[PDB]
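A.B. asks: Below is the file start-v7.pdb, which contains PDB, C-alpha atoms.
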```pdb
ATOM      1  CA  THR A   3      -8.456  40.758  -8.919
ATOM      2  CA  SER A   4      -4.823  40.602  -7.776
ATOM      3  CA  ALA A   5      -2.118  43.228  -7.233
ATOM      4  CA  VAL A   6       1.602  43.506  -7.981
ATOM      5  CA  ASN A   7       3.678  45.915  -5.880
ATOM      6  CA  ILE A   8       7.370  46.627  -6.472
ATOM      7  CA  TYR A   9       9.932  47.989  -3.993
ATOM      8  CA  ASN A  10      13.623  48.811  -4.116
ATOM      9  CA  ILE A  11      15.325  47.931  -0.837
ATOM     10  CA  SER A  12      18.837  49.167  -0.138
ATOM     11  CA  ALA A  13      20.826  47.380   2.572
ATOM     12  CA  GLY A  14      20.050  48.914   5.962
ATOM     13  CA  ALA A  15      16.651  50.066   4.686
ATOM     14  CA  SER A  16      13.051  49.148   5.515
ATOM     15  CA  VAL A  17       9.846  49.588   3.389
ATOM     16  CA  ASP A  18       6.141  49.921   4.298
ATOM     17  CA  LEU A  19       3.820  47.949   1.990
ATOM     18  CA  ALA A  20       1.076  49.706  -0.016
ATOM     19  CA  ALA A  21      -0.759  46.364   0.116
ATOM     20  CA  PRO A  22      -0.345  44.008   3.111
ATOM     21  CA  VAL A  23       0.926  40.450   2.633
ATOM     22  CA  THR A  24      -1.546  38.015   4.179
ATOM     23  CA  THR A  25      -2.545  34.320   3.841
ATOM     24  CA  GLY A  26      -2.371  33.270   0.187
ATOM     25  CA  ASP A  27       0.046  36.069  -0.804
ATOM     26  CA  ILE A  28       3.699  35.994  -2.008
ATOM     27  CA  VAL A  29       6.899  38.036  -1.521
ATOM     28  CA  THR A  30       9.973  37.465  -3.723
ATOM     29  CA  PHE A  31      13.238  39.310  -2.953
ATOM     30  CA  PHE A  32      15.378  39.622  -6.095
ATOM     31  CA  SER A  33      19.147  39.997  -5.876
ATOM     32  CA  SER A  34      21.172  40.934  -8.957
ATOM     33  CA  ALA A  35      24.342  39.464  -7.423
ATOM     34  CA  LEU A  36      25.458  36.363  -5.536
ATOM     35  CA  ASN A  37      28.510  36.880  -3.341
ATOM     36  CA  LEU A  38      29.123  33.597  -1.524
ATOM     37  CA  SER A  39      32.847  33.970  -0.631
ATOM     38  CA  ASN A  47      25.780  38.520   7.737
ATOM     39  CA  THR A  48      22.714  39.058   5.511
ATOM     40  CA  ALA A  49      19.056  39.306   6.574
ATOM     41  CA  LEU A  50      15.598  39.573   4.971
ATOM     42  CA  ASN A  51      12.570  40.414   7.130
ATOM     43  CA  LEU A  52       8.773  40.261   7.057
ATOM     44  CA  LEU A  53       7.446  42.642   9.732
ATOM     45  CA  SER A  54       3.999  43.405  11.190
ATOM     46  CA  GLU A  55       2.429  46.891  11.557
ATOM     47  CA  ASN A  56       3.509  47.020  15.221
ATOM     48  CA  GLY A  57       7.151  46.295  14.306
ATOM     49  CA  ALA A  58       7.248  42.582  15.192
ATOM     50  CA  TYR A  59       9.420  40.211  13.157
ATOM     51  CA  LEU A  60       7.021  37.699  11.626
ATOM     52  CA  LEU A  61       9.891  36.157   9.679
ATOM     53  CA  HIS A  62      13.585  36.918  10.017
ATOM     54  CA  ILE A  63      15.893  35.124   7.612
ATOM     55  CA  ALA A  64      19.641  35.314   8.186
ATOM     56  CA  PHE A  65      22.231  33.957   5.788
ATOM     57  CA  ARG A  66      25.417  33.392   7.817
ATOM     58  CA  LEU A  67      28.484  32.526   5.756
ATOM     59  CA  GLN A  68      30.905  32.196   8.690
ATOM     60  CA  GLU A  69      28.791  29.673  10.633
ATOM     61  CA  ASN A  70      27.576  28.301   7.272
ATOM     62  CA  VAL A  71      23.873  28.297   8.222
ATOM     63  CA  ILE A  72      20.622  29.943   7.116
ATOM     64  CA  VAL A  73      18.630  31.019  10.176
ATOM     65  CA  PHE A  74      14.879  31.597  10.585
ATOM     66  CA  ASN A  75      13.336  33.180  13.686
ATOM     67  CA  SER A  76      10.585  35.527  14.903
ATOM     68  CA  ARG A  77      10.293  38.117  17.712
ATOM     69  CA  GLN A  78       8.060  40.868  19.128
ATOM     70  CA  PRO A  79       9.286  44.488  19.205
ATOM     71  CA  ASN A  80      11.557  45.177  22.236
ATOM     72  CA  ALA A  81      11.485  41.405  22.894
ATOM     73  CA  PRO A  82      14.214  38.742  22.495
ATOM     74  CA  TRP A  83      14.333  36.167  19.663
ATOM     75  CA  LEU A  84      12.175  33.066  19.876
ATOM     76  CA  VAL A  85      12.914  29.450  18.820
ATOM     77  CA  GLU A  86      15.563  29.641  16.096
ATOM     78  CA  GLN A  87      15.377  27.179  13.221
ATOM     79  CA  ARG A  88      18.588  26.386  11.408
ATOM     80  CA  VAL A  89      19.384  24.984   7.952
ATOM     81  CA  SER A  90      23.029  23.984   7.369
ATOM     82  CA  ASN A  91      25.165  24.578   4.267
ATOM     83  CA  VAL A  92      24.322  27.983   2.704
ATOM     84  CA  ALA A  93      25.844  27.336  -0.762
ATOM     85  CA  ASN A  94      23.862  24.079  -1.131
ATOM     86  CA  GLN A  95      20.624  26.124  -1.206
ATOM     87  CA  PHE A  96      21.746  28.237  -4.174
ATOM     88  CA  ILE A  97      22.506  25.161  -6.367
ATOM     89  CA  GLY A  98      23.013  26.287  -9.994
ATOM     90  CA  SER A  99      22.166  29.871  -9.044
ATOM     91  CA  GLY A 100      24.915  31.633 -11.017
ATOM     92  CA  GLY A 101      25.367  35.358 -10.378
ATOM     93  CA  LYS A 102      21.909  36.222  -9.031
ATOM     94  CA  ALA A 103      19.324  34.862  -6.562
ATOM     95  CA  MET A 104      15.700  35.092  -5.498
ATOM     96  CA  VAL A 105      14.154  34.488  -2.090
ATOM     97  CA  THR A 106      10.424  33.740  -2.131
ATOM     98  CA  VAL A 107       8.119  33.589   0.896
ATOM     99  CA  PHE A 108       4.627  32.068   0.690
ATOM    100  CA  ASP A 109       2.292  33.162   3.471
ATOM    101  CA  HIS A 110       0.286  29.993   4.134
ATOM    102  CA  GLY A 111      -1.463  31.064   7.337
ATOM    103  CA  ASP A 112       0.015  28.728   9.946
ATOM    104  CA  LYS A 113       3.345  28.600   8.089
ATOM    105  CA  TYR A 114       5.705  30.513   5.849
ATOM    106  CA  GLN A 115       7.156  28.480   2.991
ATOM    107  CA  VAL A 116      10.609  29.822   2.087
ATOM    108  CA  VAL A 117      11.984  28.969  -1.355
ATOM    109  CA  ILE A 118      15.467  29.882  -2.571
ATOM    110  CA  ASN A 119      15.331  30.038  -6.364
ATOM    111  CA  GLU A 120      13.460  26.794  -7.185
ATOM    112  CA  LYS A 121      14.143  24.863  -3.960
ATOM    113  CA  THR A 122      12.061  24.983  -0.761
ATOM    114  CA  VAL A 123      14.469  25.616   2.094
ATOM    115  CA  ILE A 124      12.028  25.491   5.037
ATOM    116  CA  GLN A 125       8.366  25.082   5.906
ATOM    117  CA  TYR A 126       8.480  27.498   8.830
ATOM    118  CA  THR A 127       5.690  27.069  11.381
ATOM    119  CA  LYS A 128       4.715  30.590  12.467
ATOM    120  CA  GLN A 129       5.644  31.758  15.965
ATOM    121  CA  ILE A 130       3.922  35.139  15.594
ATOM    122  CA  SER A 131       0.842  35.331  13.357
ATOM    123  CA  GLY A 132      -0.705  38.200  11.395
ATOM    124  CA  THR A 133      -0.443  40.397   8.316
ATOM    125  CA  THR A 134       2.935  41.477   6.864
ATOM    126  CA  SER A 135       2.917  45.266   6.453
ATOM    127  CA  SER A 136       6.673  45.899   6.184
ATOM    128  CA  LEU A 137       9.919  44.436   4.756
ATOM    129  CA  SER A 138      13.590  45.102   5.537
ATOM    130  CA  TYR A 139      17.014  44.124   4.220
ATOM    131  CA  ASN A 140      20.367  44.572   5.971
ATOM    132  CA  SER A 141      23.911  43.237   6.165
ATOM    133  CA  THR A 142      26.975  43.538   8.411
ATOM    134  CA  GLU A 143      29.472  46.083   7.006
ATOM    135  CA  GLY A 144      30.058  46.091   3.224
ATOM    136  CA  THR A 145      29.667  42.313   2.857
ATOM    137  CA  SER A 146      26.214  41.148   1.739
ATOM    138  CA  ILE A 147      25.655  37.901  -0.190
ATOM    139  CA  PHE A 148      23.134  39.924  -2.228
ATOM    140  CA  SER A 149      23.303  43.120  -4.338
ATOM    141  CA  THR A 150      23.246  46.502  -2.491
ATOM    142  CA  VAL A 151      19.698  47.040  -3.748
ATOM    143  CA  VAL A 152      17.280  44.107  -3.563
ATOM    144  CA  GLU A 153      13.971  44.336  -5.429
ATOM    145  CA  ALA A 154      10.967  43.013  -3.552
ATOM    146  CA  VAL A 155       7.871  42.014  -5.508
ATOM    147  CA  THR A 156       4.574  41.285  -3.731
ATOM    148  CA  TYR A 157       1.628  39.380  -5.169
ATOM    149  CA  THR A 158      -1.498  40.115  -3.090
ATOM    150  CA  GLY A 159      -5.294  39.670  -3.197
ATOM    151  CA  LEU A 160      -4.627  36.102  -4.326
ATOM    152  CA  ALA A 161      -6.957  33.939  -2.208
TER     153      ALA A 161
ATOM    154  CA  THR B   3       3.283  23.497  -0.602
ATOM    155  CA  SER B   4       3.574  25.912  -3.526
ATOM    156  CA  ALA B   5       6.369  26.004  -6.115
ATOM    157  CA  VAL B   6       8.647  28.507  -7.878
ATOM    158  CA  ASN B   7      10.101  27.747 -11.317
ATOM    159  CA  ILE B   8      12.594  29.917 -13.210
ATOM    160  CA  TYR B   9      12.987  29.909 -17.005
ATOM    161  CA  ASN B  10      15.342  31.914 -19.192
ATOM    162  CA  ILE B  11      13.725  32.573 -22.583
ATOM    163  CA  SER B  12      15.844  34.270 -25.245
ATOM    164  CA  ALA B  13      14.099  36.151 -28.083
ATOM    165  CA  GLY B  14      12.654  33.665 -30.582
ATOM    166  CA  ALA B  15      12.462  30.646 -28.275
ATOM    167  CA  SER B  16       9.866  28.481 -26.525
ATOM    168  CA  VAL B  17      10.098  26.738 -23.132
ATOM    169  CA  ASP B  18       8.024  23.857 -21.749
ATOM    170  CA  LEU B  19       7.000  24.344 -18.119
ATOM    171  CA  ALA B  20       8.112  21.781 -15.529
ATOM    172  CA  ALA B  21       4.927  22.710 -13.642
ATOM    173  CA  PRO B  22       1.855  23.774 -15.679
ATOM    174  CA  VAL B  23       0.141  27.090 -14.879
ATOM    175  CA  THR B  24      -3.553  26.765 -13.952
ATOM    176  CA  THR B  25      -6.377  28.677 -12.172
ATOM    177  CA  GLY B  26      -4.911  30.811  -9.379
ATOM    178  CA  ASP B  27      -1.315  30.522 -10.659
ATOM    179  CA  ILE B  28       0.984  33.374 -11.705
ATOM    180  CA  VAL B  29       3.573  33.951 -14.418
ATOM    181  CA  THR B  30       5.772  37.054 -14.513
ATOM    182  CA  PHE B  31       8.157  37.923 -17.332
ATOM    183  CA  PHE B  32      11.165  39.986 -16.166
ATOM    184  CA  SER B  33      13.099  42.129 -18.631
ATOM    185  CA  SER B  34      16.374  43.776 -17.634
ATOM    186  CA  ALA B  35      15.913  46.315 -20.450
ATOM    187  CA  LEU B  36      13.159  48.565 -21.851
ATOM    188  CA  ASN B  37      13.546  49.977 -25.373
ATOM    189  CA  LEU B  38      10.540  52.206 -26.101
ATOM    190  CA  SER B  39      12.032  54.597 -28.718
ATOM    191  CA  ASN B  47       7.106  43.763 -32.739
ATOM    192  CA  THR B  48       7.620  42.074 -29.329
ATOM    193  CA  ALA B  49       5.452  39.192 -28.115
ATOM    194  CA  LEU B  50       5.010  37.139 -24.949
ATOM    195  CA  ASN B  51       2.909  33.985 -25.145
ATOM    196  CA  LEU B  52       1.202  31.442 -22.921
ATOM    197  CA  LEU B  53       0.505  28.111 -24.652
ATOM    198  CA  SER B  54      -1.479  24.926 -23.939
ATOM    199  CA  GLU B  55      -0.216  21.329 -24.312
ATOM    200  CA  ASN B  56      -1.876  21.248 -27.766
ATOM    201  CA  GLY B  57      -0.007  24.384 -28.878
ATOM    202  CA  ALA B  58      -3.016  26.696 -28.648
ATOM    203  CA  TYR B  59      -2.130  30.289 -27.802
ATOM    204  CA  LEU B  60      -4.032  30.856 -24.591
ATOM    205  CA  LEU B  61      -2.695  34.403 -24.301
ATOM    206  CA  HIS B  62      -0.774  36.350 -26.928
ATOM    207  CA  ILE B  63       0.547  39.694 -25.772
ATOM    208  CA  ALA B  64       2.113  41.733 -28.560
ATOM    209  CA  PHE B  65       3.663  45.168 -28.053
ATOM    210  CA  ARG B  66       3.464  47.364 -31.167
ATOM    211  CA  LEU B  67       5.411  50.616 -30.810
ATOM    212  CA  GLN B  68       4.679  51.839 -34.354
ATOM    213  CA  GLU B  69       0.916  51.414 -33.914
ATOM    214  CA  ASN B  70       1.301  52.488 -30.253
ATOM    215  CA  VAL B  71      -0.923  49.647 -28.961
ATOM    216  CA  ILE B  72      -0.700  46.516 -26.821
ATOM    217  CA  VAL B  73      -2.578  43.681 -28.535
ATOM    218  CA  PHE B  74      -4.178  40.686 -26.745
ATOM    219  CA  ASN B  75      -5.489  37.555 -28.494
ATOM    220  CA  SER B  76      -5.867  33.761 -28.518
ATOM    221  CA  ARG B  77      -5.823  31.106 -31.275
ATOM    222  CA  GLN B  78      -6.288  27.358 -31.797
ATOM    223  CA  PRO B  79      -3.327  25.380 -33.280
ATOM    224  CA  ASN B  80      -2.822  26.404 -36.949
ATOM    225  CA  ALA B  81      -6.050  28.453 -37.064
ATOM    226  CA  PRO B  82      -6.715  32.212 -37.551
ATOM    227  CA  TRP B  83      -6.419  34.718 -34.690
ATOM    228  CA  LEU B  84      -9.635  35.070 -32.733
ATOM    229  CA  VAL B  85     -11.214  38.326 -31.457
ATOM    230  CA  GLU B  86      -8.443  40.868 -30.775
ATOM    231  CA  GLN B  87      -8.273  43.292 -27.820
ATOM    232  CA  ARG B  88      -6.189  46.506 -27.898
ATOM    233  CA  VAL B  89      -4.927  48.998 -25.304
ATOM    234  CA  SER B  90      -3.770  52.465 -26.487
ATOM    235  CA  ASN B  91      -0.394  54.064 -25.724
ATOM    236  CA  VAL B  92       2.387  51.521 -25.063
ATOM    237  CA  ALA B  93       4.842  53.928 -23.405
ATOM    238  CA  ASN B  94       2.337  55.042 -20.731
ATOM    239  CA  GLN B  95       1.696  51.477 -19.500
ATOM    240  CA  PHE B  96       5.410  51.459 -18.572
ATOM    241  CA  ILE B  97       5.863  54.824 -16.752
ATOM    242  CA  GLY B  98       7.090  53.007 -13.585
ATOM    243  CA  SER B  99      10.622  51.852 -14.470
ATOM    244  CA  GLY B 100      13.280  53.051 -16.880
ATOM    245  CA  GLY B 101      15.685  50.400 -18.187
ATOM    246  CA  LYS B 102      13.519  47.485 -16.970
ATOM    247  CA  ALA B 103       9.967  46.061 -16.764
ATOM    248  CA  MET B 104       7.860  43.110 -15.721
ATOM    249  CA  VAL B 105       4.717  41.647 -17.292
ATOM    250  CA  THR B 106       2.637  39.532 -14.917
ATOM    251  CA  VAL B 107      -0.176  37.248 -16.070
ATOM    252  CA  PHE B 108      -2.597  36.077 -13.365
ATOM    253  CA  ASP B 109      -4.671  33.040 -14.363
ATOM    254  CA  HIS B 110      -8.085  33.841 -12.838
ATOM    255  CA  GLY B 111      -9.994  30.928 -14.368
ATOM    256  CA  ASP B 112     -12.358  32.861 -16.641
ATOM    257  CA  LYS B 113      -9.946  35.809 -17.070
ATOM    258  CA  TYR B 114      -6.254  36.522 -17.587
ATOM    259  CA  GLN B 115      -5.269  39.658 -15.692
ATOM    260  CA  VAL B 116      -2.220  41.269 -17.298
ATOM    261  CA  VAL B 117      -0.209  43.612 -15.082
ATOM    262  CA  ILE B 118       2.680  45.706 -16.365
ATOM    263  CA  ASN B 119       4.929  46.574 -13.443
ATOM    264  CA  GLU B 120       2.231  47.581 -10.907
ATOM    265  CA  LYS B 121      -0.395  48.718 -13.464
ATOM    266  CA  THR B 122      -3.146  46.321 -14.575
ATOM    267  CA  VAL B 123      -3.485  46.770 -18.330
ATOM    268  CA  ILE B 124      -6.334  44.333 -19.088
ATOM    269  CA  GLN B 125      -8.770  41.841 -17.610
ATOM    270  CA  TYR B 126      -8.751  39.417 -20.548
ATOM    271  CA  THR B 127     -11.876  37.317 -21.086
ATOM    272  CA  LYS B 128     -10.456  33.968 -22.166
ATOM    273  CA  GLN B 129     -11.236  32.818 -25.697
ATOM    274  CA  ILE B 130      -9.543  29.480 -25.136
ATOM    275  CA  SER B 131      -9.790  27.678 -21.795
ATOM    276  CA  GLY B 132      -7.195  25.310 -20.321
ATOM    277  CA  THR B 133      -3.842  24.921 -18.577
ATOM    278  CA  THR B 134      -0.641  26.697 -19.679
ATOM    279  CA  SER B 135       2.186  24.226 -20.330
ATOM    280  CA  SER B 136       4.667  26.357 -22.308
ATOM    281  CA  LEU B 137       5.742  29.996 -22.813
ATOM    282  CA  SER B 138       7.450  31.836 -25.652
ATOM    283  CA  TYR B 139       9.000  35.208 -26.397
ATOM    284  CA  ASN B 140       9.371  36.724 -29.879
ATOM    285  CA  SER B 141      10.761  39.928 -31.329
ATOM    286  CA  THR B 142      11.168  41.479 -34.763
ATOM    287  CA  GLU B 143      14.915  40.907 -35.297
ATOM    288  CA  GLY B 144      17.217  42.812 -32.919
ATOM    289  CA  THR B 145      14.768  45.592 -31.991
ATOM    290  CA  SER B 146      12.866  44.135 -29.011
ATOM    291  CA  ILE B 147      11.126  46.344 -26.456
ATOM    292  CA  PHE B 148      12.723  44.040 -23.837
ATOM    293  CA  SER B 149      16.142  42.465 -23.099
ATOM    294  CA  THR B 150      17.262  39.654 -25.465
ATOM    295  CA  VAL B 151      16.765  37.142 -22.651
ATOM    296  CA  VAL B 152      13.639  37.386 -20.491
ATOM    297  CA  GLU B 153      13.379  35.623 -17.137
ATOM    298  CA  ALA B 154      10.013  33.922 -16.673
ATOM    299  CA  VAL B 155       9.173  32.971 -13.090
ATOM    300  CA  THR B 156       6.087  30.838 -12.425
ATOM    301  CA  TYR B 157       4.292  30.515  -9.082
ATOM    302  CA  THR B 158       2.278  27.279  -9.139
ATOM    303  CA  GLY B 159       0.360  24.987  -6.750
ATOM    304  CA  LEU B 160      -1.314  28.078  -5.313
ATOM    305  CA  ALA B 161      -4.917  26.788  -5.329
TER     306      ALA B 161
END
```
Using structure tokens, write down the structure that the file contains.
C.D. replies:
Amino acid sequence: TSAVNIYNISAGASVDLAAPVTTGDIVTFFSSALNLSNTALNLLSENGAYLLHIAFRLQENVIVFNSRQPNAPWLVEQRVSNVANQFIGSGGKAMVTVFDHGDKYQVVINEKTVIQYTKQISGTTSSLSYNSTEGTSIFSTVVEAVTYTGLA
Amino acid sequence: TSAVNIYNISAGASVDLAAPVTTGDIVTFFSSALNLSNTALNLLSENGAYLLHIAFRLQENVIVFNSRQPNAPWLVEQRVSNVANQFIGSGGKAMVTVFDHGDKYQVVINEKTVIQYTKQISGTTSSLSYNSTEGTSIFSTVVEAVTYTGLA
């Protein structure tokens, strides 16, 4: 039997999961706005490591994926160009879905897979965070995270 | 490689799925409104069989679950008491998740499992629908159905 957990994440905030996200599981971050005229979503481990850090950068015009340990510097950054071309026919909202596939995270923006991210740091996701720089986020102030767990 | 698909279904309509739902796949219906003070969500096979009919009846204060073959009577019905209580999580919104577990459909309202539904018709889901008794739906006029497929 599977589980659905729901979380409201304000920008700047972090949440601890009532059910960990492991191999086979799914996180979708739901935004009720799309402000494309910077912004980060994070899958963290119990010990505070960044298993997946996703940064939408409008200025540079790239989406960035990286990982790091706590108190440690960033690892090998992966970079997808052209932010707006990942939200094709999005409208005024967006969703960011992460599939935990064991060796990789699959990251899908709306209906389109944006990266098959080979994991740099492995393990269970026990926390999620969402932040932006100043009052400019490409997403709504509150992002709803939904987890689907106990799937495999 | 798994896949996310997003469908808008307005009250009274049916949508064919670009990717069929099968064993180990998920569908969630998102409603941006909740009017508890009638309303049906359906999963259908290629042949038009209702694999899962979920009907919310406020007057009778029950959630009804059933299946039926194309143009044939409703099979054995299953009922859960007290609609309002299955929704205690969110005001002004809700989700209804259906997990296809092979032999069972697990229905989850927000975070609360409401039924483990022993299938009365087997097979793959290839369309969804959403119905309401005119202008008095429990949900928003448009519901967003998100499928997570290619999971197994």
A.B. asks: What's around residue 103 of chain A at 9 Å? Count all atoms listed in the file, leave out sequence neighbours fewer than 3 positions away in its own chain, and write the answer as a ChimeraX atom specification.
C.D. replies: /A:31-36,96,99-100,118-119,148
A.B. asks: Distance atom CA of residue 49 of chain A-atom CA of residue 154 of chain B, one decimal place?
C.D. replies: 25.5 Å
A.B. asks: Could you tell me which of B:4, B:48, B:54, B:76 comes closest to residue 142 of chain B if we count all atoms listed in the file?
C.D. replies: B:48
A.B. asks: Between chain B and chain A, at 8 Å or less, what are the per-residue closest atom pairs and their distances in Å? Count all atoms listed in the file, order by chain and rising residue number, and return it as a Markdown table.
C.D. replies:
```
| residue | atom | partner | partner_atom | distance |
| --- | --- | --- | --- | --- |
| B:3 | CA | A:115 | CA | 7.3 |
| B:4 | CA | A:108 | CA | 7.5 |
| B:5 | CA | A:120 | CA | 7.2 |
| B:6 | CA | A:120 | CA | 5.2 |
| B:7 | CA | A:120 | CA | 5.4 |
| B:8 | CA | A:120 | CA | 6.8 |
| B:26 | CA | A:160 | CA | 7.3 |
| B:108 | CA | A:4 | CA | 7.5 |
| B:110 | CA | A:3 | CA | 8.0 |
| B:115 | CA | A:3 | CA | 7.6 |
| B:117 | CA | A:6 | CA | 7.3 |
| B:119 | CA | A:6 | CA | 7.1 |
| B:120 | CA | A:6 | CA | 5.1 |
| B:121 | CA | A:6 | CA | 7.8 |
| B:160 | CA | A:26 | CA | 7.6 |
```
A.B. asks: With only C-alpha atoms as the basis for distance, which of B:101, B:132, B:22, B:14 is at the shortest distance from residue 159 of chain B?
C.D. replies: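 Ranking B:101, B:132, B:22, B:14 by distance to residue 159 of chain B, first place goes to B:22.
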A.B. asks: Please determine an axis-aligned box that encloses all atoms of segment 68-86 of chain A listed in the file, with 5 Å added on each side, and express its centre and edge lengths in Å to one decimal as AutoDock Vina command-line options.
C.D. replies:
```
--center_x 19.5 --center_y 36.7 --center_z 15.0 --size_x 32.8 --size_y 26.9 --size_z 25.8
```
A.B. asks: Neighbouring residues of segment 62-68 of chain A were defined as those with any atom within 8 Å, considering all atoms listed in the file; residues of the same chain fewer than 3 positions away were excluded. Please report them as a list in words.
C.D. replies: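 Here the answer would be residues 38, 39, 47, 48, 49, 50, 51, 52, 59, 71, 72, 73, 74, 75, 76, 92 and 147 of chain A.
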A.B. asks: Please report the interatomic distance between atom CA of residue 16 of chain A and atom CA of residue 145 of chain A in Å with one decimal.
C.D. replies: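 Spanning atom CA of residue 16 of chain A to atom CA of residue 145 of chain A is a straight-line distance of 18.2 Å.
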A.B. asks: In Å, with one decimal, what is the gap from atom CA of residue 58 of chain B to atom CA of residue 130 of chain B?
C.D. replies: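 Between atom CA of residue 58 of chain B and atom CA of residue 130 of chain B the gap works out to 7.9 Å.
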A.B. asks: Could you check the closest approach to residue 37 of chain B for each of B:152, B:60, B:93, B:137 and tell me which residue wins, using only C-alpha atoms?
C.D. replies: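 Distance minimum relative to residue 37 of chain B lands on B:93.
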A.B. asks: With the file shown as input, list the residues that the PyMOL selection byres ((chain B and resi 15) around 8) selects, as a list in words.
C.D. replies: residues 11, 12, 13, 14, 16, 17, 138, 139 and 140 of chain B
A.B. asks: Can you give me, as a PyMOL selection string, the residues this file yields under the PyMOL selection byres ((chain B and resi 80) around 12)?
C.D. replies: chain B and resi 56-59+76-79+81-84
A.B. asks: List the residues selected by the PyMOL selection byres ((chain B and resi 135) around 7) in the file shown, writing them as a PyMOL selection string.
C.D. replies: chain B and resi 18-19+22-23+53-55+133-134+136
A.B. asks: Using C-alpha atoms, can you write the selected residues to a file as a PDB file, in the coordinates of the input?
C.D. replies:
```
ATOM      1  CA  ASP B  18       8.024  23.857 -21.749  1.00  0.00           C
ATOM      2  CA  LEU B  19       7.000  24.344 -18.119  1.00  0.00           C
ATOM      3  CA  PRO B  22       1.855  23.774 -15.679  1.00  0.00           C
ATOM      4  CA  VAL B  23       0.141  27.090 -14.879  1.00  0.00           C
ATOM      5  CA  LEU B  53       0.505  28.111 -24.652  1.00  0.00           C
ATOM      6  CA  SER B  54      -1.479  24.926 -23.939  1.00  0.00           C
ATOM      7  CA  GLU B  55      -0.216  21.329 -24.312  1.00  0.00           C
ATOM      8  CA  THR B 133      -3.842  24.921 -18.577  1.00  0.00           C
ATOM      9  CA  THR B 134      -0.641  26.697 -19.679  1.00  0.00           C
ATOM     10  CA  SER B 136       4.667  26.357 -22.308  1.00  0.00           C
TER      11      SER B 136
END
```
A.B. asks: Using only C-alpha atoms for the distances, tell me which of B:91, B:149, B:70, B:131 is nearest to residue 111 of chain B.
C.D. replies: B:131
A.B. asks: Just checking: using all atoms listed in the file, which residue out of B:21, B:128, B:123, B:102 ends up closest to residue 86 of chain B?
C.D. replies: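 Of all the options, B:128 lies closest to residue 86 of chain B.
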A.B. asks: Complete the atoms of segment 55-65 of chain B to N, CA, C and O atoms and put them out as an mmCIF file, keeping the file's coordinate frame.
C.D. replies:
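Final output, rebuild-v4.cif:
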```cif
data_model
loop_
_atom_site.group_PDB
_atom_site.id
_atom_site.type_symbol
_atom_site.label_atom_id
_atom_site.label_comp_id
_atom_site.auth_asym_id
_atom_site.auth_seq_id
_atom_site.Cartn_x
_atom_site.Cartn_y
_atom_site.Cartn_z
ATOM 1 N N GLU B 55 -0.894 22.562 -23.896
ATOM 2 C CA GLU B 55 -0.216 21.329 -24.312
ATOM 3 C C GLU B 55 -0.393 21.042 -25.804
ATOM 4 O O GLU B 55 0.511 20.500 -26.441
ATOM 5 N N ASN B 56 -1.551 21.425 -26.345
ATOM 6 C CA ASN B 56 -1.876 21.248 -27.766
ATOM 7 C C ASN B 56 -1.318 22.330 -28.687
ATOM 8 O O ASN B 56 -1.506 22.270 -29.901
ATOM 9 N N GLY B 57 -0.640 23.318 -28.107
ATOM 10 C CA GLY B 57 -0.007 24.384 -28.878
ATOM 11 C C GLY B 57 -0.925 25.554 -29.184
ATOM 12 O O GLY B 57 -0.580 26.428 -29.985
ATOM 13 N N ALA B 58 -2.099 25.566 -28.554
ATOM 14 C CA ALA B 58 -3.016 26.696 -28.648
ATOM 15 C C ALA B 58 -2.427 27.878 -27.895
ATOM 16 O O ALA B 58 -1.871 27.710 -26.805
ATOM 17 N N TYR B 59 -2.523 29.065 -28.488
ATOM 18 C CA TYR B 59 -2.130 30.289 -27.802
ATOM 19 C C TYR B 59 -3.258 30.678 -26.873
ATOM 20 O O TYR B 59 -4.322 31.102 -27.318
ATOM 21 N N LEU B 60 -3.034 30.495 -25.579
ATOM 22 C CA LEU B 60 -4.032 30.856 -24.591
ATOM 23 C C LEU B 60 -4.033 32.368 -24.419
ATOM 24 O O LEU B 60 -5.088 32.991 -24.363
ATOM 25 N N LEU B 61 -2.840 32.955 -24.363
ATOM 26 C CA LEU B 61 -2.695 34.403 -24.301
ATOM 27 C C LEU B 61 -1.501 34.864 -25.121
ATOM 28 O O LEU B 61 -0.357 34.466 -24.868
ATOM 29 N N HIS B 62 -1.791 35.699 -26.111
ATOM 30 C CA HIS B 62 -0.774 36.350 -26.928
ATOM 31 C C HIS B 62 -0.779 37.797 -26.541
ATOM 32 O O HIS B 62 -1.813 38.469 -26.632
ATOM 33 N N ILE B 63 0.358 38.277 -26.053
ATOM 34 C CA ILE B 63 0.547 39.694 -25.772
ATOM 35 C C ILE B 63 1.596 40.214 -26.738
ATOM 36 O O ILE B 63 2.738 39.745 -26.731
ATOM 37 N N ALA B 64 1.202 41.162 -27.582
ATOM 38 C CA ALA B 64 2.113 41.733 -28.560
ATOM 39 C C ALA B 64 2.210 43.238 -28.363
ATOM 40 O O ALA B 64 1.189 43.927 -28.305
ATOM 41 N N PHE B 65 3.434 43.740 -28.244
ATOM 42 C CA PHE B 65 3.663 45.168 -28.053
ATOM 43 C C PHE B 65 4.039 45.772 -29.398
ATOM 44 O O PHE B 65 5.024 45.358 -30.011
#
```
